[PDB]
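Q: Pasting in a structure now, in structure tokens, and then I'll have a few things to ask.
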Amino acid sequence: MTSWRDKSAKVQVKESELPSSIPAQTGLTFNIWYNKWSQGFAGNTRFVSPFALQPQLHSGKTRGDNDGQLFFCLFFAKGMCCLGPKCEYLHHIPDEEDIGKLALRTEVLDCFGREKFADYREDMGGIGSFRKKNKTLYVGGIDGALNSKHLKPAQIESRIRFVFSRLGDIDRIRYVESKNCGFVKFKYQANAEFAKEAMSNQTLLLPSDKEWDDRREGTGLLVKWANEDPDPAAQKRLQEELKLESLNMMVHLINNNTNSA
Amino acid sequence: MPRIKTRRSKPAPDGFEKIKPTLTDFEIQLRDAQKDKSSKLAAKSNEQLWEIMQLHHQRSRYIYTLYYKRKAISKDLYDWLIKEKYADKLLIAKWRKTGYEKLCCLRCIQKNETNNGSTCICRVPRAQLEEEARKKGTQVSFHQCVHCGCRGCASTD
Amino acid sequence: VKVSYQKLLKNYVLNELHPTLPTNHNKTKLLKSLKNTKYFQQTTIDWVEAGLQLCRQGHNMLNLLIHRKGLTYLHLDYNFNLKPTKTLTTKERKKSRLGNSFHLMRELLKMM
Amino acid sequence: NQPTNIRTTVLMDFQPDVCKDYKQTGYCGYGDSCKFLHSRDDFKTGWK
Amino acid sequence: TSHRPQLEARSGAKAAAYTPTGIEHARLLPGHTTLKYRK
Amino acid sequence: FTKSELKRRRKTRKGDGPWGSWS
Amino acid sequence: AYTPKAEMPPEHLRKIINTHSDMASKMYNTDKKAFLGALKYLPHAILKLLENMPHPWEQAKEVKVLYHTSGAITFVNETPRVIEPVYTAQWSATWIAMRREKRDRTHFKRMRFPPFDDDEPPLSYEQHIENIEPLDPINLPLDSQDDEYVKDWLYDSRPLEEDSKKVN
Amino acid sequence: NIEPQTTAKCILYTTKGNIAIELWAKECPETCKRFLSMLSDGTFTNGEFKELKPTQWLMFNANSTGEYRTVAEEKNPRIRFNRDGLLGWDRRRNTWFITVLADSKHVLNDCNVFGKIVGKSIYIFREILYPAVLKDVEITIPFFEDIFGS
Amino acid sequence: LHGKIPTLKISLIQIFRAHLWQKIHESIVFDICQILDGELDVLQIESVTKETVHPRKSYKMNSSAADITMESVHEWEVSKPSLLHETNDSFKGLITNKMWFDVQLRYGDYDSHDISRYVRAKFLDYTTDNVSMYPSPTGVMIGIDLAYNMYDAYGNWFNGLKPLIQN
Amino acid sequence: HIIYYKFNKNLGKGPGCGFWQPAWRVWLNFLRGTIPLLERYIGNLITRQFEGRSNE
RNA sequence: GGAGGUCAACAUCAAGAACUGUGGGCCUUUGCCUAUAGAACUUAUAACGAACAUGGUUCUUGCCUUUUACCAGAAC
RNA sequence: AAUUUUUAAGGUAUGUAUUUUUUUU
Ligand SMILES: [Mg+2]
Ligand SMILES: [Zn+2]
Ligand SMILES: [Zn+2]
Ligand SMILES: [Zn+2]
Ligand SMILES: [Zn+2]
Ligand SMILES: [Zn+2]
């Protein structure tokens, strides 16, 4: 409101600035068809995203609102959108008022209007399945934070809790020390997807702490969909949270029958 | 016939010198409209073309007004401006018709090409679209003709 | 030359002797059906410009087919000579065997 | 009398005809019949 | 031991298309387009 | 609607006709 | 219905075609399939292009084209027509120009083939060729008086276009 | 390979040797009337060769002809850097750009390319491989003699 | 090779194997370098220094670059360019400091031409071309037909050079 | 041959020529009949390139 | 309303020297006889084109390690 | 009294693995 409502989002990046196509010299010759560097061996293509957003600062009103297009600008989510007020998609972090209108179609396709696929993907990649509603996100490659290491999970946890916080709701967050993986569950489906695109290939710490200026260089961090929680602790809870939701969904379903008569 | 000064072409009639610089200011713009900036976005790529279609529209109105409004050029010179393709004859012929005076293009009135029905919403008066939007109170959704960039050819607006 | 006059006569006679007698209902032509759609649009232009344009067109077509097939070691120069850039293993060799459609087409563009 | 005005692009012949079995092994099955070179070269003091 | 050859139906149930993939053979080009009836 | 209403109304568009932007 | 096709600005085509020069973007995925799909028709575009060549008494012909809006191919859509006797006169007349100019100058140089090197990308029309004024064609002196009838309209591209009596 | 044609010729007499020059008048006439005029105006004479940029270019004669102002930019794609020793024009006021062996394409479209060196006297320029000075400037073949000394 | 003709291709790949073309070129350059290096006193030569040659220069037939470069104790009175065996020489035309030698090999055919015409045609061709980088506009182009065991040189000669390069 | 020895009669062996109408026609006709070849060939090559070859 | 359009659709263009419509008569409308109206375009040293290409199948051949690519005559 | 020129393929295999940021007990 005070942040998003009045403003029309400032253009994140000038047209001139946006990275060019043709990633540089992975291979001996460029392939015009598949845009890739053909002959030779790649040495990990992945890099840290030179761009990221400012959830409060860039968000604003746009032409998608007047149209009232449901779907969100993803190039906004990457903070890379060059259209800004002339973009035809919504710029902001999802709220429950906009989610409610999407709530019809959020099963077959994500918040950005990208159709889901049935089987997921080997490594749990970009978009999930329309078979399962997965609210749980996985973070990996904490080396995106780079070499600078933090004294305990407190630094990590709080940082992750801070960064993902702005991107929507949070049901819970668990970092693991033994394995460098932090599981994040937003309250809502749509929010989990918006965080995935926004936070992938990113760095960490504060704006100006330690090696931040050379931060751009590293491997970058994974943000992937997450497997079911195997421990019977949450496996009871996931199933218990399942049933209690199911009971809520019997009543409304006998209510529109109670309406039907 | 040809734009080029090929020896076959006839030297310009009398009144051409007075309007010659005014046309060239369109010409040197067009040379810069086609220079091929590299633009990644598909929404930008057609926005470049929208500069040509406009500069083509704007150069013909200039020749249209002089002769068919201000009557400021001879009919010899005008007939010579159509050969040399400084003006699009079939476009101007719509400008003389009733209802079509402010038209974009000959593509915007194509009945055939468009999927259902015809005639870009680009030809529909703003006064109306506001009203069918009024039923929904949504302040329409229309901005630019995908062929052109037009907003309201229809001659009321 | 007298041989030339004989050869030309031979061709002349073999045309006169077997005719062909065209196809009523052929009245449907490629371009006439092609201009009907949204996608093709019409204008004038100078001849040499259309020649240059078609050269660029052709070169892009053949590069996209070649690279599509996965052959980046074969290089089309701008005069439509298809040159290998490198020594090829047999698998390279068998995939880059390349038919008469591609080559005939390319030679035809070379004349143009 | 090759025509006066022509440029012919050199097209490199990159394929060597070296017989790959006789280059590696030093034995070729085909013998004196082999359609290829038989020339036998070896690398450059790689080993320590 | 050829044993059981190959059934047509499995080749007739393939999802290429009604026709083949759309390859145009040189012997399927229209020829002898008209029939001839007996008295 | 009325002719006067339209004639007055149009000049609102930024740039003459017809590429002039409404709003 | 059926309104005829709408002629356009050549500038539009030019921008299309030189835009599609460089494509590495994802936006071109359906404009590359159009390039491949267009390869089937290319040998016809070569036909129509090459049967409309200028002829020597022409400095330039301006011919209609029919282009794919993705810039995938460009067909020359005219067909040439000629009055048979007028055409024979033109070719015969140049003929005499050829013999007179062959006997005229002592050294006759001939163009090197190919004219342009393999690595030089084909030069654009609007930059290179468009600005220059054209060199004169062959014509023939043709006589001051005898030929007064034909001499005016002889070497025109289409010798008589606007004559109500002389031609359809 | 394909250069439109050399319509202007102005010989430079330096200390290190006599540098011939051929020019394209028609393709960039604005740059010509800055170049030749200052040779007629003599403001180039006694110029130190200033800044070499290895693999890039060498510079001299910095002062500006008109009102210490710029020049209308013009280019032709037929004229590119495929060679060493193309006379060139920097964005900064009235500055020659003399392309060294490395003849890069990136400084292209940073400059207005202007003229060549005659194939015979290119060797004298390669002697740069105590700056040179310009004693005397003769113009062998003028092109546009109107407005020149008039 | 003007055809396909595989048997000829195979014989000709035997005759040149283990980079014999390059080794002939390096071999002639080296012996010319020693012979010039022995005349430092007589011909008034400051230094004879053979350059660093691109690995492919030997068999690249479009462009060339000098191999051995020269420099004079003082200065040199050079002639017009002429053939190795021609006699009348007026040394008063040009004056230089550096000389260069190209050693250009060639493998001839039945239609090939005599070597002299090839050596002069390439000399004018390269030295007037903009692709080839030569140190100074005077030099000698030494050709050899490998197939015919024939040689010539078309250079700019100064007093004392022809009676060497002949011998 | 026919065009030369009618053209070059009384003058020269030289390169001067430029009566190109017969050859131009000959090539245009060759084109007239190789359009259906290249359309069938290239049609097959591309319809196989996108859609793969038949299994049967 | 006329003159036009390198505009479009539809119909037609190798047959007893070769087209249709109509009235009447025999048959009982096909078909036969008779009277009559109208026949644009293409045809006799034969044809829409004062022009001239390619492919397929089957025969007879020519090159000849086999297929492609080909030699050159015929019929369809 | 007049022929006629060239490119591919049957020869140097083929197959498997290999550059990855640590899915909650
Ligand atoms: Mg076999
Ligand atoms: Zn956006
Ligand atoms: Zn329009
Ligand atoms: Zn429109
Ligand atoms: Zn409009
Ligand atoms: Zn062997």
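As shown in the structure tokens, the chain order sets the letters A, B, ...; within each chain, residues go from 1, and ligands are also counted from 1 in the order they appear.
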Find the residues around segment 59-69 of chain H up to 12 Å (only C-alpha atoms (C1' of nucleotides) counted), leave out those fewer than 5 positions away in its own chain, and share them as a VMD selection string.
A: chain H and resid 30 to 54 85 87 to 100 131 to 134
Q: Can I get the residues close to ligand 2 as a ChimeraX atom specification, where close means within 8 Å and we count only C-alpha atoms (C1' of nucleotides) and all ligand atoms?
A: /A:72-76,81-91
Q: Given a cut-off of 12 Å, what residues near ligand 1 show up using only C-alpha atoms (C1' of nucleotides) and all ligand atoms, put as a PyMOL selection string?
A: (chain K and resi 65-67) or (chain L and resi 9-10)
Q: Please identify all protein, DNA and RNA residues within 8 Å of ligand 6, counting only C-alpha atoms (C1' of nucleotides) and all ligand atoms, and report them as an mmCIF file with N, CA, C and O atoms, in the first residue's frame.
A:
data_model
loop_
_atom_site.group_PDB
_atom_site.id
_atom_site.type_symbol
_atom_site.label_atom_id
_atom_site.label_comp_id
_atom_site.auth_asym_id
_atom_site.auth_seq_id
_atom_site.Cartn_x
_atom_site.Cartn_y
_atom_site.Cartn_z
ATOM 1 N N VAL D 18 46.066 -41.335 -43.439
ATOM 2 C CA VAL D 18 46.758 -42.249 -42.573
ATOM 3 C C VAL D 18 45.891 -43.403 -42.120
ATOM 4 O O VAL D 18 44.814 -43.210 -41.654
ATOM 5 N N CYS D 19 46.411 -44.611 -42.286
ATOM 6 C CA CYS D 19 45.775 -45.867 -41.913
ATOM 7 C C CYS D 19 45.804 -46.024 -40.417
ATOM 8 O O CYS D 19 46.895 -46.082 -39.800
ATOM 9 N N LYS D 20 44.642 -46.039 -39.802
ATOM 10 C CA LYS D 20 44.583 -45.849 -38.343
ATOM 11 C C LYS D 20 45.014 -47.047 -37.561
ATOM 12 O O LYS D 20 45.395 -46.939 -36.423
ATOM 13 N N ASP D 21 44.952 -48.207 -38.154
ATOM 14 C CA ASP D 21 45.402 -49.407 -37.501
ATOM 15 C C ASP D 21 46.887 -49.509 -37.583
ATOM 16 O O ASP D 21 47.495 -49.936 -36.650
ATOM 17 N N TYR D 22 47.494 -49.154 -38.696
ATOM 18 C CA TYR D 22 48.972 -49.224 -38.867
ATOM 19 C C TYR D 22 49.663 -48.068 -38.202
ATOM 20 O O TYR D 22 50.832 -48.157 -37.926
ATOM 21 N N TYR D 27 50.630 -52.885 -37.344
ATOM 22 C CA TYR D 27 50.182 -53.993 -38.176
ATOM 23 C C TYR D 27 48.867 -53.565 -38.877
ATOM 24 O O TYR D 27 47.886 -53.203 -38.190
ATOM 25 N N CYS D 28 48.800 -53.741 -40.195
ATOM 26 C CA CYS D 28 47.554 -53.525 -40.910
ATOM 27 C C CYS D 28 47.045 -54.784 -41.526
ATOM 28 O O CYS D 28 47.760 -55.474 -42.213
ATOM 29 N N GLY D 29 45.782 -55.080 -41.295
ATOM 30 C CA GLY D 29 45.212 -56.363 -41.743
ATOM 31 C C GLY D 29 45.270 -56.561 -43.232
ATOM 32 O O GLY D 29 45.541 -57.631 -43.730
ATOM 33 N N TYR D 30 45.029 -55.472 -43.922
ATOM 34 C CA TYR D 30 44.928 -55.508 -45.357
ATOM 35 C C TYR D 30 46.254 -55.748 -46.030
ATOM 36 O O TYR D 30 46.253 -56.340 -47.066
ATOM 37 N N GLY D 31 47.363 -55.305 -45.467
ATOM 38 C CA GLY D 31 48.637 -55.680 -46.051
ATOM 39 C C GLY D 31 49.235 -54.688 -47.012
ATOM 40 O O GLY D 31 49.287 -53.533 -46.698
ATOM 41 N N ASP D 32 49.741 -55.140 -48.149
ATOM 42 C CA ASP D 32 50.172 -54.243 -49.170
ATOM 43 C C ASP D 32 49.017 -53.700 -49.915
ATOM 44 O O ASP D 32 49.187 -52.731 -50.635
ATOM 45 N N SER D 33 47.838 -54.273 -49.743
ATOM 46 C CA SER D 33 46.636 -53.795 -50.454
ATOM 47 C C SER D 33 46.003 -52.561 -49.887
ATOM 48 O O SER D 33 45.162 -51.992 -50.526
ATOM 49 N N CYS D 34 46.390 -52.160 -48.697
ATOM 50 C CA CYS D 34 45.672 -51.155 -48.000
ATOM 51 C C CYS D 34 45.637 -49.860 -48.782
ATOM 52 O O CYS D 34 46.611 -49.385 -49.276
ATOM 53 N N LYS D 35 44.439 -49.312 -48.845
ATOM 54 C CA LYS D 35 44.074 -48.178 -49.631
ATOM 55 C C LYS D 35 44.697 -46.927 -49.112
ATOM 56 O O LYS D 35 44.556 -45.929 -49.733
ATOM 57 N N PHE D 36 45.385 -46.978 -47.982
ATOM 58 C CA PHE D 36 45.842 -45.796 -47.273
ATOM 59 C C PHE D 36 47.332 -45.816 -47.054
ATOM 60 O O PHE D 36 48.008 -46.713 -47.605
ATOM 61 N N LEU D 37 47.817 -44.890 -46.218
ATOM 62 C CA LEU D 37 49.216 -44.529 -46.176
ATOM 63 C C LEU D 37 50.123 -45.497 -45.491
ATOM 64 O O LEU D 37 51.197 -45.877 -46.043
ATOM 65 N N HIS D 38 49.750 -45.910 -44.285
ATOM 66 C CA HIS D 38 50.578 -46.829 -43.516
ATOM 67 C C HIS D 38 51.689 -46.087 -42.777
ATOM 68 O O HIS D 38 52.307 -46.635 -41.865
#
Q: Write out as a PyMOL selection string the set of residues from chain I that DSSP, computed on the backbone, places in strand (DSSP E or B).
A: chain I and resi 45+49-50+65+68-69+72+76-83+94-96+100-106+133+139-145+150-158
Q: I need the chain C residues near chain A as JSON, numbers by chain; criterion: at most 6 Å, counting only C-alpha atoms.
A: {"C": [64, 67, 68]}
Q: Hey, which residues sit close to ligand 3? Say within 10 Å, counting only C-alpha atoms (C1' of nucleotides) and all ligand atoms, and write them as a compact mmCIF listing (two decimals) with N, CA, C and O atoms, in the first residue's frame.
A:
# COMPACT_ATOMS: atom_id res chain seq x y z
N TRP B 50 6.66 0.35 -35.61
CA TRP B 50 5.67 1.39 -35.39
C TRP B 50 6.23 2.79 -35.69
O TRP B 50 5.50 3.72 -35.81
N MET B 53 5.84 2.90 -39.87
CA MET B 53 4.46 3.07 -40.26
C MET B 53 3.92 4.46 -39.98
O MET B 53 3.07 4.92 -40.73
N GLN B 54 4.43 5.09 -38.93
CA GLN B 54 4.06 6.45 -38.58
C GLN B 54 4.74 7.44 -39.51
O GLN B 54 4.09 8.33 -40.07
N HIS B 57 2.99 7.33 -42.56
CA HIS B 57 1.71 8.03 -42.45
C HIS B 57 1.94 9.53 -42.51
O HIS B 57 1.23 10.27 -43.21
N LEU B 103 -7.41 7.56 -41.05
CA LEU B 103 -6.92 6.18 -41.06
C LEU B 103 -5.39 5.99 -40.94
O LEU B 103 -4.64 6.71 -41.55
N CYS B 104 -4.97 5.03 -40.11
CA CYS B 104 -3.61 4.48 -40.10
C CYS B 104 -3.14 4.13 -41.47
O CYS B 104 -2.28 4.76 -42.03
N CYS B 105 -3.71 3.03 -41.99
CA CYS B 105 -3.03 2.12 -42.92
C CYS B 105 -4.10 1.44 -43.73
O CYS B 105 -5.29 1.44 -43.38
N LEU B 106 -3.70 0.83 -44.82
CA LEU B 106 -4.63 0.02 -45.53
C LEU B 106 -4.76 -1.35 -44.83
O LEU B 106 -5.71 -2.10 -45.11
N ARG B 107 -3.81 -1.74 -43.98
CA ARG B 107 -3.94 -3.01 -43.28
C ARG B 107 -5.00 -2.98 -42.18
O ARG B 107 -5.60 -4.00 -41.87
N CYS B 108 -5.24 -1.83 -41.60
CA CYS B 108 -6.18 -1.76 -40.49
C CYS B 108 -7.65 -1.90 -40.90
O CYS B 108 -8.48 -2.23 -40.07
N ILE B 109 -7.97 -1.64 -42.16
CA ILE B 109 -9.30 -1.87 -42.68
C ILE B 109 -9.44 -3.21 -43.40
O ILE B 109 -10.49 -3.50 -43.97
N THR B 119 -11.26 -5.40 -39.09
CA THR B 119 -11.09 -3.98 -38.83
C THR B 119 -10.63 -3.69 -37.44
O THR B 119 -11.48 -3.55 -36.56
N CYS B 120 -9.33 -3.53 -37.25
CA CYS B 120 -8.77 -3.35 -35.90
C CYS B 120 -9.67 -2.51 -35.00
O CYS B 120 -10.25 -1.49 -35.42
N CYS B 122 -8.45 -0.66 -33.34
CA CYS B 122 -7.85 0.58 -33.82
C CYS B 122 -8.78 1.45 -34.67
O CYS B 122 -8.53 2.63 -34.86
N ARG B 123 -9.84 0.86 -35.21
CA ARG B 123 -10.85 1.64 -35.95
C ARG B 123 -12.09 1.94 -35.16
O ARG B 123 -13.01 2.57 -35.69
N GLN B 144 -2.42 -0.18 -28.20
CA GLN B 144 -1.85 -0.03 -29.51
C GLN B 144 -2.21 -1.18 -30.48
O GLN B 144 -2.20 -2.34 -30.13
N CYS B 145 -2.54 -0.80 -31.70
CA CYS B 145 -2.75 -1.72 -32.80
C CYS B 145 -1.47 -2.51 -33.00
O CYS B 145 -0.36 -1.93 -33.15
N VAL B 146 -1.60 -3.83 -33.02
CA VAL B 146 -0.44 -4.68 -33.19
C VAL B 146 0.23 -4.49 -34.55
O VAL B 146 1.43 -4.76 -34.69
N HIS B 147 -0.51 -4.02 -35.55
CA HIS B 147 0.11 -3.74 -36.81
C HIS B 147 0.89 -2.42 -36.80
O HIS B 147 1.84 -2.26 -37.56
N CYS B 148 0.47 -1.48 -35.96
CA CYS B 148 0.79 -0.04 -36.18
C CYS B 148 1.31 0.64 -34.97
O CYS B 148 2.36 1.28 -35.03
N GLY B 149 0.56 0.54 -33.86
CA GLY B 149 0.72 1.45 -32.75
C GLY B 149 -0.34 2.50 -32.76
O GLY B 149 -0.19 3.46 -32.05
N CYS B 150 -1.39 2.36 -33.56
CA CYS B 150 -2.44 3.34 -33.62
C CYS B 150 -3.24 3.31 -32.33
O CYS B 150 -3.26 2.34 -31.58
N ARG B 151 -3.87 4.44 -32.04
CA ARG B 151 -4.90 4.56 -31.01
C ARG B 151 -5.99 5.38 -31.66
O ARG B 151 -5.82 6.58 -31.89
N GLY B 152 -7.09 4.76 -32.03
CA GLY B 152 -8.20 5.51 -32.60
C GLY B 152 -7.99 6.20 -33.96
O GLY B 152 -8.07 7.41 -34.08
N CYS B 153 -7.81 5.43 -35.00
CA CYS B 153 -7.95 5.99 -36.34
C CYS B 153 -9.29 6.70 -36.52
O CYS B 153 -9.34 7.78 -37.06
N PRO F 18 -3.31 9.87 -35.62
CA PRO F 18 -3.88 9.13 -34.49
C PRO F 18 -3.00 8.45 -33.51
O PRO F 18 -3.46 7.78 -32.60
N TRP F 19 -1.69 8.61 -33.67
CA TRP F 19 -0.74 7.98 -32.76
C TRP F 19 -0.71 8.64 -31.39
O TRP F 19 -0.12 8.11 -30.45
Q: At what distance in Å, to one decimal, does atom CA of residue 35 of chain G lie from atom CA of residue 22 of chain G?
A: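 Between atom CA of residue 22 of chain G and atom CA of residue 35 of chain G the gap works out to 13.7 Å.
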Q: Could you name the residues that touch residue 5 of chain C at 12 Å or less, counting only C-alpha atoms (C1' of nucleotides), but leaving out those on the same chain fewer than 3 positions away, as a list in words?
A: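 Non-adjacent residues within range: residues 1, 2, 8, 9, 10, 11 and 12 of chain C; 1, 2, 3 and 5 of chain J.
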Q: Just to be explicit: take each residue in the selection above, keep C-alpha atoms, and write the result as a PDB file, in the first residue's frame.
A:
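Now in out.pdb:
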ATOM      1  CA  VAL C   1      30.167 -24.359 -85.063  1.00  0.00           C
ATOM      2  CA  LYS C   2      28.551 -26.602 -87.625  1.00  0.00           C
ATOM      3  CA  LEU C   8      20.660 -27.133 -81.552  1.00  0.00           C
ATOM      4  CA  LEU C   9      18.578 -28.664 -84.316  1.00  0.00           C
ATOM      5  CA  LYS C  10      18.516 -31.990 -82.529  1.00  0.00           C
ATOM      6  CA  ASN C  11      17.040 -30.426 -79.436  1.00  0.00           C
ATOM      7  CA  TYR C  12      14.522 -28.465 -81.517  1.00  0.00           C
TER       8      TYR C  12
ATOM      9  CA  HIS J   1      29.489 -20.576 -80.800  1.00  0.00           C
ATOM     10  CA  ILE J   2      26.589 -19.465 -82.973  1.00  0.00           C
ATOM     11  CA  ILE J   3      26.308 -16.064 -81.329  1.00  0.00           C
ATOM     12  CA  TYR J   5      30.671 -16.234 -85.117  1.00  0.00           C
TER      13      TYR J   5
END
Q: Do me a favour and pick out the residues of chain G within 10 Å of chain A, using only C-alpha atoms, as an MDAnalysis selection string.
A: chainID G and resid 22:26 28:29 32:33
Q: With a distance cut-off of 8 Å and only C-alpha atoms (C1' of nucleotides), select the neighbouring residues of residue 42 of chain J, excluding the residue or stretch itself and same-chain residues fewer than 2 positions from it, and output the selection as a list in words.
A: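 So the residues in contact are residues 101 and 102 of chain C; 39 and 40 of chain G; 38, 39, 40, 44, 45 and 46 of chain J.
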Q: Return as JSON, numbers by chain the residues belonging to chain E that are within 9 Å of chain K, counting only C-alpha atoms (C1' of nucleotides).
A: {"E": [26, 27, 28, 29, 31]}
Q: For the alpha helix (DSSP H) assignment from backbone DSSP, which residues of segment 2-104 of chain H qualify? Please present them as an mmCIF file with C-alpha atoms, in the first residue's frame.
A:
data_model
loop_
_atom_site.group_PDB
_atom_site.id
_atom_site.type_symbol
_atom_site.label_atom_id
_atom_site.label_comp_id
_atom_site.auth_asym_id
_atom_site.auth_seq_id
_atom_site.Cartn_x
_atom_site.Cartn_y
_atom_site.Cartn_z
ATOM 1 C CA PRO H 29 33.088 15.641 -47.276
ATOM 2 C CA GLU H 30 32.738 17.269 -43.856
ATOM 3 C CA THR H 31 35.868 15.651 -42.457
ATOM 4 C CA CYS H 32 37.708 16.645 -45.641
ATOM 5 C CA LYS H 33 37.001 20.348 -45.215
ATOM 6 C CA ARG H 34 38.376 20.197 -41.671
ATOM 7 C CA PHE H 35 41.446 18.246 -42.763
ATOM 8 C CA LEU H 36 42.500 20.073 -45.931
ATOM 9 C CA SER H 37 41.575 23.515 -44.620
ATOM 10 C CA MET H 38 43.874 23.249 -41.618
ATOM 11 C CA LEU H 39 46.618 22.226 -44.055
ATOM 12 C CA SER H 40 45.801 25.378 -46.024
#
